[PDB]
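Asks:
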Ligand code: PCD
Ligand code: FES
Ligand code: FES
Ligand SMILES: [Ca+2]
Ligand SMILES: [Cl-]
Ligand SMILES: [Cl-]
Ligand SMILES: [Cl-]
Ligand SMILES: [Cl-]
Ligand SMILES: [Cl-]
Ligand SMILES: [Cl-]
Ligand SMILES: [Cl-]
Ligand SMILES: [Cl-]
Ligand SMILES: [Li+]
Ligand SMILES: [Mg+2]
Ligand SMILES: [Mg+2]
Ligand SMILES: [Mg+2]
Ligand SMILES: [Mg+2]
Ligand SMILES: [Mg+2]
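In the deposited numbering, the protein residues as written are 1 to 907.
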């Protein structure tokens, strides 16, 4: 051990440390500076950036031996605090740079390091800096972060007053549609929002820290578990196995389709009989610290009989394949799509037909914050779980029978969280921590490291797809055929539903009167499927939007014009036979056309012998809602102090549940003149907030936004005074009148898609968009650079433009990853950010352009649709279409790795 006297955030610190200790651990654990965020722990993400003697370093890979006596360290806490914000922090808030906020302290500290060395950076200087220092963001697409740095720099340089970094209430007084900052932004930019790992450090000494004993093979029969050595190791309390589980030890898929061949009870909480995928949790070590738990978990011996594993859908789907879940076929679900007339005769007589085989793979969510959760037994005797769940009510019912609790004896709460992008539509750690809390009676905390986040949370499910179009010479689509095989890994939750998305979205965007198709779901031993932003559309629409360009090519038609010819117009129906609710695609295409033409001209002019530029188009469509008559509930409450609390379970991945609540309520409450700062939101809690439903399917703004709107309208009525005006809280209480008022809303016009035909009206609101990608391909290496992305977006009406711009930029960036670099195919190689192709700032162009072409929705609150998943529906199709434009190469199977492109170029 050594004494080091240094200065941290301007304060002399008398430090006692191990010279080998990591600075991240010292700062977080010994000094309580939890504003230093730790994600990857491998120097790849920049979340733990601190300034050490004028240099920006990653604390997670900086040992204390590298910190000299007299050193100066600055963390986010030293940059600024609430009510004492640094210009960088103010700028972050104003520009909406904090979505989940997990990367915000690291970017801001890093940016201070930049500005301290280069006071007047160009935008490229800022990008170069964040690339060098590995500052990674999965939410924002980087552009808002650069905007914030530039604005802060201008203030620090005296070019504009610092007061310009403070939001100014718009001239029309409308918060709805504005850039009003989100309520949680100040906490995020000051490092004072506690995420699950932060909370773990601030839990009492009585807390047990868990480590998972995980399968190191993909498929096995389990014969036994020996915990003897582990029990003798430092700090170990106990080891938990399936024997300690008080319920069914199975998670239920809950809404398993009737024609699913499996009962939906296939997923264990702690594996008992079998390993179904690499990483499966077989036991939990409980110890005094994460480090001690992990060390002991390594010593738990599992006796396995390894079985042949099926590591892809086609492998598991073979007729003679062995059943992974004995008694259920590996292909456990099929969904037909049967619209209009038989397609065979139509293809036979059509002027033109095209077909393609496409593949979209096992995209990893890669939030900067790895999964984390904790649980404890309350004094009320209930089991409380706090996690990254984005569907707290959903998860309560998925896990209660398995852990052995009645629904009222378990409470799920959503912690502030550093992104999920859908992986948290699935239970991950909730049942594990519940079982451990129940078994020990003690608080328990479980933090995954980044390899566990990659290997042992769910993934986008790969689809193998074949799609065909028949059309007239003039480009009019006549018919479509489709086939898709969904590799869902071993756990069935929502796999059938995902497969149905193929019937809804393959070919979406166009009038196609005749469709015959079939989707199939297959269990495999690769990672289980969890929702990933777009949930079936990125697969479906990659196939159909690439196929549209192939059809255009075969017709000798421009691919934007082919889309214009076919795009939804009044009288048309979508693939499930439903009339679209608005018709904005022709408008969007017309507005994009001259930009597309100019982009083509630029690509021709600026191409060189080795660097070929191209421009690609695609359409995206997705529903806002869960299928059928989805519904939500909110409570609007007038508090004693005149503030209003809007109670919902709108789960915040980081997308902006807070501002969605405040902005929607503010608009609804305008007749009573309620200032936005007087409107409070509630964090999701199954015991104390209404069942607003999960934040999946880009549904909350529509469903919960409507519920909030209704609740507020109902509160206005409750407050209305005879003769005009409004009662105060005191007046209402004196009259014994209610002050907490419920609102409900249902998408009553929706119907579930039919099990035989796939036809129905599954969503009452959809999101519509048109993408344009501009790329350069180095034809010597096959490397593609995306130089620009444009999204024409119809969101109906914006609740908040900082929120929606950010959603779109974030989605476009994930599209670039999906197109060019991302996968989770190799269990070890893809278990790091860099290994799996995470897009760092230089991979995302500074030119991310949005054009809102909003057509108010009949059923949306104030006309709004959702936004969340729109920008990931098909940006990767536009990108691949752009590579084709540039070079003549079509990549059918994502991602377009450089060697893959190069092989195609040279074929
Ligand atoms: N018009 C409009 C719309 C919308 N908005 C906004 O925006 C946001 C979103 O919304 P939406 O669309 O409704 O959604 P939500 O439901 O809330 O959420 C969810 C989503 O969200 C997204 N985004 C995001 N972001 C972030 N940052 N992070 C994350 O993680 C995430 N995730 C993702 C996903 S995946 Mo799934 O679960 O797969 O189905 S689905 C999803 C919010 O804040 C709101 O309010 C506005 O403003 N306006
Ligand atoms: S770089 Fe330190 S936590 Fe990722
Ligand atoms: S705001 Fe950057 S990772 Fe979420
Ligand atoms: Ca201890
Ligand atoms: Cl030492
Ligand atoms: Cl700028
Ligand atoms: Cl504004
Ligand atoms: Cl069914
Ligand atoms: Cl047919
Ligand atoms: Cl014709
Ligand atoms: Cl290919
Ligand atoms: Cl490569
Ligand atoms: Li919810
Ligand atoms: Mg100041
Ligand atoms: Mg027609
Ligand atoms: Mg025109
Ligand atoms: Mg490979
Ligand atoms: Mg090769």
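Cβ atoms here follow ideal geometry from the backbone N, Cα and C, with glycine treated the same way.
Put residue 641 into one of helix, strand or coil per three-state DSSP.
Replies: DSSP places residue 641 in coil when its eight states are reduced to three.
Asks: Taking the Cβ atom as the reference point for each residue, do residue 134 and residue 46 lie within a distance shorter than 7 Å?
Replies: Yes, they are a contact pair.
Asks: With DSSP run on the structure shown, which of helix, strand or coil describes residue 284?
Replies: If DSSP states are grouped into helix, strand and coil, residue 284 belongs with the strands.
Asks: What residue range does the beta strand (DSSP E) around residue 238 cover?
Replies: Looking at the DSSP string, the run of the beta strand (DSSP E) that includes residue 238 is 236-240.
Asks: Specify which residues have a beta carbon nearer than 7 Å to any heavy atom of ligand 9, listing them in chain order.
Replies: Result (chain order): 342, 343, 344, 516.
Asks: I'd like the span of the beta strand (DSSP E) that includes residue 900, first residue to last.
Replies: Here residue 900 belongs to no beta strand (DSSP E); instead the alpha helix (DSSP H) covers 898-906.
Asks: Could you have a look at residue 712 and say whether DSSP puts it in helix, strand or coil?
Replies: It is helical.
Asks: Using a Cβ distance threshold of 8 Å, determine whether the region 434-451 contacts the region 197-212, with at least three qualifying pairs required.
Replies: Yes, the region 434-451 touches the region 197-212.
Asks: Can you name the start and end residues of the alpha helix (DSSP H) that residue 663 belongs to?
Replies: Taken as a continuous stretch (DSSP letters only), the alpha helix (DSSP H) holding residue 663 covers 657-669.
Asks: Relative to ligand 7, what is the chain-ordered list of residues with a Cβ closer than 6 Å to any of its non-hydrogen atoms?
Replies: That query returns the following residues: 170, 178, 179.
Asks: Quick one: what's got a C-beta closer than 7 Å to residue 396's C-beta in the same chain, skipping five residues either side?
Replies: The residues are 407, 410, 412, 686.
Asks: Which first and last residues belong to the alpha helix (DSSP H) in which residue 565 is found?
Replies: That run of the alpha helix (DSSP H) goes 559-566.
Asks: When every heavy atom of ligand 12 is checked, does at least one fall within less than 6 Å of the C-beta of residue 895?
Replies: Incorrect: residue 895 has no Cβ contact closer than 6 Å to ligand 12.
Asks: Near ligand 18, which residues have their beta-carbon closer than 7 Å to a heavy atom?
Replies: Those residues, listed in chain order, are 899, 903.
Asks: If you follow the alpha helix (DSSP H) that residue 815 is part of, which residue opens it and which one closes it?
Replies: Segment 801-820, the alpha helix (DSSP H) holding residue 815.
Asks: Can you give me the Cβ contacts of residue 453 inside the same chain, cut-off strictly under 6 Å, excluding the 5 residues immediately before and after it?
Replies: 370, 371, listed in sequence order.
Asks: On the DSSP bridge list, what partners appear for residue 9?
Replies: Paired residue(s): none; residue 9 is not in a bridge.
Asks: Please report the distance separating the alpha-carbon of residue 901 from that of residue 621.
Replies: Cα-Cα distance, rounded: 28 Å.
Asks: Apart from the five residues on each side of it in sequence, which residues of its chain come closer than 6 Å, Cβ to Cβ, to residue 465?
Replies: Closer than 6 Å at the Cβ level, and outside the excluded window around residue 465, lie 358, 484, 543.
Asks: Taking all protein chains shown into account, decide if residue 888 is buried (16 or more other Cβ within 10 angstroms of its Cβ) or exposed.
Replies: Exposed is the call here.
Asks: Give the range of the alpha helix (DSSP H) segment to which residue 883 is assigned.
Replies: 875-887 is the extent of the alpha helix (DSSP H) around residue 883.
Asks: For ligand 13, I want to know if residue 684 counts as a neighbour, meaning its beta carbon is within less than 6 Å of at least one of the ligand's heavy atoms.
Replies: It does: the Cβ of residue 684 is within 6 Å (strictly closer) of some heavy atom of ligand 13.
Asks: Taking the alpha-carbon positions, what's the residue 82 to residue 192 distance?
Replies: Looking at the two C-alpha atoms, the distance is approximately 9 Å.
Asks: Mind checking whether the beta-carbon of residue 672 lies closer than 6 Å to any heavy atom of ligand 6?
Replies: Residue 672: no, Cβ never under 6 Å from ligand 6.
Asks: Return the CA-CA distance between residue 432 and residue 377, expressed in angstroms with no decimal places.
Replies: Spanning the two alpha carbons is a distance of roughly 14 Å.
Asks: As an exercise, report each continuous alpha helix (DSSP H) stretch of at least 4 residues that is fully enclosed by the region 371-399, in chain order.
Replies: Those alpha helix (DSSP H) runs which fall completely within the region 371-399 and span 4+ residues do not exist here.
Asks: Given residue 666, which residues of its chain have a CB within under 7 Å of its CB, disregarding the five upstream and five downstream residues?
Replies: Excluding positions up to five away in sequence, the list reads 175, 176, 674, 676, 679.
Asks: Sorry if obvious, but does the Cβ on residue 743 come closer than 6 Å to a heavy atom of ligand 13?
Replies: No, the beta carbon of residue 743 sits no closer than 6 Å to any heavy atom of ligand 13.
Asks: Identify which residue in 109, 131, 217 has its Cα closest to the Cα of residue 826.
Replies: Looking at the Cα atoms, 217 is the closest of the given residues.
Asks: Go ahead and pull the three-state DSSP assignment for residue 528.
Replies: Note: residue 528 maps to coil in three-state DSSP.
Asks: Whose C-beta lies closer than 6 Å to the C-beta of residue 898 among residues of the same chain, with five residues either side of it excluded?
Replies: Excluding sequence neighbours, residue 898 sits near 781, 782, 783.
Asks: For a test of your reading of the model: does the CB of residue 421 fall under 6 Å from any non-hydrogen atom of ligand 1? Yes or no.
Replies: For ligand 1, at least one heavy atom lies less than 6 Å from the Cβ of residue 421.
Asks: To test your reading of the DSSP string, which unbroken alpha helix (DSSP H) runs of 4 or more residues are found completely within the region 35-119?
Replies: Runs found: 76-79, 87-95, 104-117.
Asks: Under 7 Å, do residue 142 and residue 841 count as touching if we go by C-beta distance?
Replies: Yes. Within cutoff.
Asks: Give the straight-line distance between the Cα atoms of residue 330 and residue 255, rounded to the nearest whole angstrom.
Replies: If I take the Cα positions, the gap works out to 19 Å.
Asks: Restricting to Cα atoms, I'd like to know which of 603, 717, 702, 644 is closest to residue 786.
Replies: Measuring from the Cα of residue 786, the nearest candidate turns out to be 603.
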